[PDB]
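Trainee: so I've got this experimental structure, pasted below with the sequence.
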Amino acid sequence: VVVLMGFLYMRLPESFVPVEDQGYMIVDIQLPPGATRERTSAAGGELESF
Amino acid sequence: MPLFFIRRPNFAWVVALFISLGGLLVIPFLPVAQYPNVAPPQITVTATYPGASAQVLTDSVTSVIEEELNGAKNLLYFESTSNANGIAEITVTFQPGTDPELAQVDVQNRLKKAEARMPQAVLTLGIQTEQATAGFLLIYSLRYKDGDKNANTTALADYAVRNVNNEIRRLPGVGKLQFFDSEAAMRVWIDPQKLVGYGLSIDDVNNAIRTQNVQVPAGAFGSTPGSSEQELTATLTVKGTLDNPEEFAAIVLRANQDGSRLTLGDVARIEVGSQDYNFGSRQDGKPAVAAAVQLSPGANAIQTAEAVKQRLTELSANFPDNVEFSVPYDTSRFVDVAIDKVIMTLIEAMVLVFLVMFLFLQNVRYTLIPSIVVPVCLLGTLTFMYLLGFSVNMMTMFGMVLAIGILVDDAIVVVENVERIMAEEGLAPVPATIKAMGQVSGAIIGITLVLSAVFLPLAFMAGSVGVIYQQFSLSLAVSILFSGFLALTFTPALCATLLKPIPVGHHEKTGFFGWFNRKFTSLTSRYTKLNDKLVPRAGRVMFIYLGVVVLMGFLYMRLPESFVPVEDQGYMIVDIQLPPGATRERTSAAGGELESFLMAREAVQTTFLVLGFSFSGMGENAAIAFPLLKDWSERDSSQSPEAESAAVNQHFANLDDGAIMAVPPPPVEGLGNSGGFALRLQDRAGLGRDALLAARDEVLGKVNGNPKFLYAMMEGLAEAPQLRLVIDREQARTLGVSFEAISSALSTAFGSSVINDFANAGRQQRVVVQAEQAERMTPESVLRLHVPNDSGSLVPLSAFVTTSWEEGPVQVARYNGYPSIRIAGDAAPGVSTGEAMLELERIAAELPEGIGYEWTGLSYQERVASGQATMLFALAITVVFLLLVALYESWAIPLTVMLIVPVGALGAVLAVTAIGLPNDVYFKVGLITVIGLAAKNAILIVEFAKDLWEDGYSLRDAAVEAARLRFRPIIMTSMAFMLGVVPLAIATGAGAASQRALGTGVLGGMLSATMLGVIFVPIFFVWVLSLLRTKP
Amino acid sequence: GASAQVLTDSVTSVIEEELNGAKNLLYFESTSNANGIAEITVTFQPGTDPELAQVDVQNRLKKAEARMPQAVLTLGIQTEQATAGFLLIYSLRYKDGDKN
Amino acid sequence: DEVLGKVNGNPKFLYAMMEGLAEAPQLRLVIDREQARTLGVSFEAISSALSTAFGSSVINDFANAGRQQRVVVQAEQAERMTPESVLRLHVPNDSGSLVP
Amino acid sequence: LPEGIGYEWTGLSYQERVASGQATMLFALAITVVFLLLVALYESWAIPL
């Protein structure tokens, strides 16, 4: 029993804190370098429509 | 309580394991040090105003800050020094125990109010406020391996700033990083005569540098708001600043339409040099770069020391190959050696006392018990020491090493009592332990309490001595508290468990222990007869005791007083002070002669010299050297720092160019630059600077001729010639010359002007413009300067400027807002400070009315401690008396036993006078410990005496029987403590002064308290109980 | 109007040099952007009271003050207690949803 | 690039990216200091013109309904959208004439 | 990586490293303290084991 405990204890994946459904998400919009604010606005418009 | 542990031994074992576990668990976080934060917290304000004389620096900058710093919370004092190099230093000292962060906070809060009034130059340079941990933990020095005479110290210092200083400053534990050099900057050495030839003024070159070497925040095209069409936002990235000297030489001063250009390089030599040239660092005759690390409060030292050394070692993988690092100055090593010495002594006494018990109990198992109980008490003491935030520092080391023997005494009496019961009544270990502990329970608790009470008042003293006694007395106090608690809980269980039955009548002994038992029964019999012959005559022996106490008083009043004994710290201070007006090169020549002599000496391992820095003050004529000596194992007493100091002072006593003086370091860091006394002579009536110097000459002449003082000097720079420039304002104005033009020309030509910043390899560094070396060495050079008029023509300064030599102060000193003269000195060998300050008060009483004096630092703390000692003694005596009457339910028995105090004081005083040590804090606390242990010895007799006197015996018979019974434990524990502390009295090496200072005093006091105490205590009991007619 | 590198070497690095040696540093991150904004986040060990950290940081910043360009100084620097994470966002809009 | 190739090509990670902005094109302005000085143009004039035209210059404060708010001067949208607009700027010389 | 290119952990990685370090001594201290309290209560060692 104790050797089993050790064997399956050594196989348990580690984690900090389980991820929780906080009710919101993050969306990053990153255009290629040199993109003017208007291109970002158009991309955000497509994103907001979807 | 004890019977419960007799019936439940494993419970006592578990409580033990709990306290021991705590002890082992708290060990790793232990902070180590030499001395605690004995010095009061200090804040320091630095201001840099280039080109300003000391006097104008005093009136225009530091006086402004001095006015505002008044009124801060918890001010003890403030001292301000203005130097001719344009540096103002203000040190504000507060009360000990104030939180440093809030003090620095208040200081900066007031500095912000100050800010509005300073000149724009110092404000562009900035004013720094820092927590002053006076004393450098270590100094790391970088040098070139080959020792080139052409060593470019500027490039090496720049590398140190870029790659080393920031890392070290980031490490945990470094409170401050003081750089003894200057980082790189862009130097522009202008030739004023070339400017005259090209019809240019100095302010013209200043404005050209300012406008042409400027970063350009251009921006980006297509920026928001951006048009709906264009999609290419991109930066414009204009090159504004200049990177290398070649680009700076291309700065255009004047250019015509045809194409001809006058450039900066045509009129000035441009290079990368040091921003500042006030300071220089040499090591063993070779130029080097050095920086000192000052520890942050509340940090481990050994861990921080090895962390800094290891950081230097890992950066060692990255130094240039010609570059090597070293640590010529390091305090931590001393700490290490010291603690090692202490811990080694801690083992020795541990074995020695063990032997002592094996000599008396004559069985290994009986000897074992206290040897197990003691380390438990030590570990608990360490745990409670951490819980109070104390440090593992030398006085605490002395604390626990003397605590060993006071601690062993409870276990000694317990085991010896159970042995005696075992021998007399033959009871089994459990009932015998029950009976013995029932006999000695009340004695043990009363003991623990009275010894705790002898030392508790020491834990309430204030000041620097207050801190010293804090740690020492509190360590001893927690040790004795745990000793009592363990005596009540652990030890009876140990006797109940570990002891073996003895067959009845086995006082027969094969071996010399038979001689010990028989000759010791004979010793107790002779002593019992001596008591028998001594009880009939009691009142007459009182006269012998009165002679004893009067002797104590007489020799106590003749003991010289001292703060802290001077310790061999392994290094010395050498001050180089040439006559006023001396150039850096003369100081360098004198330092070279000094370095040659020091390197000619075997006692010096390495010599570190600083030019421009010293105790007296900052200047070209001032320098300081820190000779480091070899390890104590490689040097004898004739090669000690004191003898080496005498030899250096003797060799150079006839120096023809300047003054040279060797001194030992002060005993306590942060309380001064050296040992001795420091007085501030104060202009309390506004007599004026000339009258101040007259009175200063008076007092210095009076003191320096007095043999009570080894020396006495102005800790500061003496007056120097000045070259006043008489400017005919009317003549200058008539020629069309503005005063601004003269001001700017003089300031930039001689005081050096910082124009703007340039990007050197990613760092913003100053660009400094100054006149060329050959064009500013002589007073004819100031007259050879030219300034522009309103019509654009250049007018020489000689047309309206005349030069006249006067005399003026190169350093100005102010104390508590009044102009002050700082006087420092050291007492002569064999002369205490107290009589010296008394004579100084007598001298100051003769000074003209309105001229004041005040003590500062070490003298202040000494005055407070000398004040507080007597009330300490009174409180201790009253508290022991009150707990004495509480325990015995009587007053007479307390008076009886308190008669034992003067004999222990007698022994301590006689020993310290015989060996000739001063009345230091070490002797003081050793006397206190002797006092407590004499009280314990007296209790050990008087408790059994009271028990037997309540049992129906006659007074004399009861006293005799109790003394006969309890002789063995007293001599037992007494000899144990003597032979346990004898290593202190004979210790040698690092810290040996404090070791011997404790050891001789405690040995003598204990010796008298034992050898005479065993005889006089029954006499006191019989005489007092007869005189007061006490009934059982 | 300052580029990322100009902000980096002219203002950002100047403050970076001075913030070194603060009590209780775990680390510090510095980001210089092309819009002219420089951000420095100094993270300490847990359990330290934030007020002593803030006064120490400003105490070093005033030492720094003497070196930045007059434009930033006229605009001023800001030091704030960063509780990373927003409690809430409140938004104002027009009811009719006008494009103008 | 080496790390992000070993890592973005490593299935142990859902994604790995530069928390930060990638390198962007810049338009360096090579200024002939000698030519500008010969035409009587100070470097201060060029710096001030460029900064105010493109980086926007905050001049002083004005009272808007009792609050002090900045007055910001910047070049018009149509006059700063292309690199040629940089070259179309003019600065004064010592004689009061304007030099492009 | 080439000699001189270093790495460090920040925030969540730092805290996770410290916790993964600390768990084992947490367990050991818990076990020793429960053992000591048990031997205290039962006046024996065998019953605690």
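Mentor: Looks like it came in fine. Numbers count the residues shown, from 1 in each chain, chains lettered A, B, ... in the order given.

Trainee: mind listing what residue A:32 touches?
Mentor: Counting by C-beta atoms under 8 Å, 6 or more residues apart in numbering or on different chains, residue A:32 makes contact with residue D:22. No exception for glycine: its C-beta is placed from N, CA and C like everyone else's.

Trainee: contact partners for the residue of chain A found nearest chain B?
Mentor: Proximity of chain A to chain B (C-beta to the nearest C-beta) peaks at residue A:36, 4.4 Å away. Counting by C-beta under 8 Å, 6+ apart, residue A:36 touches B:222, B:226, B:230, B:231, B:232, B:233.

Trainee: show me the helices in chain A, by range?
Mentor: All helices of chain A, identified by DSSP state H, fall at A:2-9, A:37-49.

Trainee: which of those is buried the deepest?
Mentor: For the helices of chain A, average neighbour numbers computed from mean count of other C-beta atoms under 10 Å in any protein chain shown are highest in helix A:37-49, which has a mean of 12.

Trainee: can you show me the CA trace of that one as CSV?
Mentor: Only the C-alpha atoms of helix A:37-49 are listed here, as CSV (Å, rounded to 0.1, in the frame of the first residue of the first chain):
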residue,chain,number,x,y,z
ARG,A,37,-4.3,53.5,-35.8
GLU,A,38,-6.9,53.2,-38.6
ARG,A,39,-5.8,49.7,-39.6
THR,A,40,-6.1,48.7,-35.9
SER,A,41,-9.6,50.2,-35.9
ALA,A,42,-10.6,48.2,-38.9
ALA,A,43,-9.2,45.0,-37.4
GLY,A,44,-11.1,45.8,-34.1
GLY,A,45,-14.2,46.4,-36.1
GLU,A,46,-14.0,42.9,-37.7
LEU,A,47,-13.3,41.4,-34.3
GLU,A,48,-16.2,43.2,-32.6
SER,A,49,-18.6,42.2,-35.4
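
Trainee: skipping adjacent residues, who's closest to the closest residue to chain E within chain A in space?
Mentor: Closest contact between chain A and chain E, by C-beta to the nearest C-beta, is at residue A:16 (5.5 Å). With C-beta to C-beta, 6 or more residues apart in numbering or on different chains as the criterion, residue A:16 has its nearest non-adjacent residue at 5.5 Å, and that residue is residue E:16.

Trainee: if I look at residue A:42, how far off is chain D?
Mentor: Between residue A:42 and chain D the distance is 17 Å, computed by C-beta to the nearest C-beta, to the nearest Å.

Trainee: whoops, residue A:18 was the one
Mentor: From residue A:18 across to chain D, the span is 17 Å (C-beta to the nearest C-beta).

Trainee: just list the residues touching the residue in chain A positioned nearest to chain D, thanks.
Mentor: Across chain A, the shortest distance to chain D (C-beta to the nearest C-beta) belongs to residue A:33, at 3.6 Å. Counting by C-beta under 8 Å, 6+ apart, residue A:33 touches D:21, D:22, D:23, D:24, D:25.

Trainee: repeat that with 10 Å
Mentor: Counting by C-beta atoms under 10 Å, 6 or more residues apart in numbering or on different chains, residue A:33 makes contact with B:233, B:234, D:21, D:22, D:23, D:24, D:25.

Trainee: of those residues, closest to chain A?
Mentor: For those, the nearest to chain A is residue D:24 (3.6 Å; C-beta to the nearest C-beta).

Trainee: tell me the phi and psi of the closest one?
Mentor: Dihedral angles of residue D:24 (phi, psi; degrees, to the nearest 10) stand at phi -130, psi 150.

Trainee: and the one 3 residues further on, by the same measure?
Mentor: Here is the backbone geometry of residue D:27 (degrees, to the nearest 10): phi -110, psi 90.

Trainee: look up how far chain C lies from it.
Mentor: 11 Å.

Trainee: that older thread, in the contacts of residue A:36, find the pair that's most separated.
Mentor: The most widely separated members of the contacts of residue A:36 are B:226 and B:232, with 9.4 Å between them, by C-beta to C-beta.
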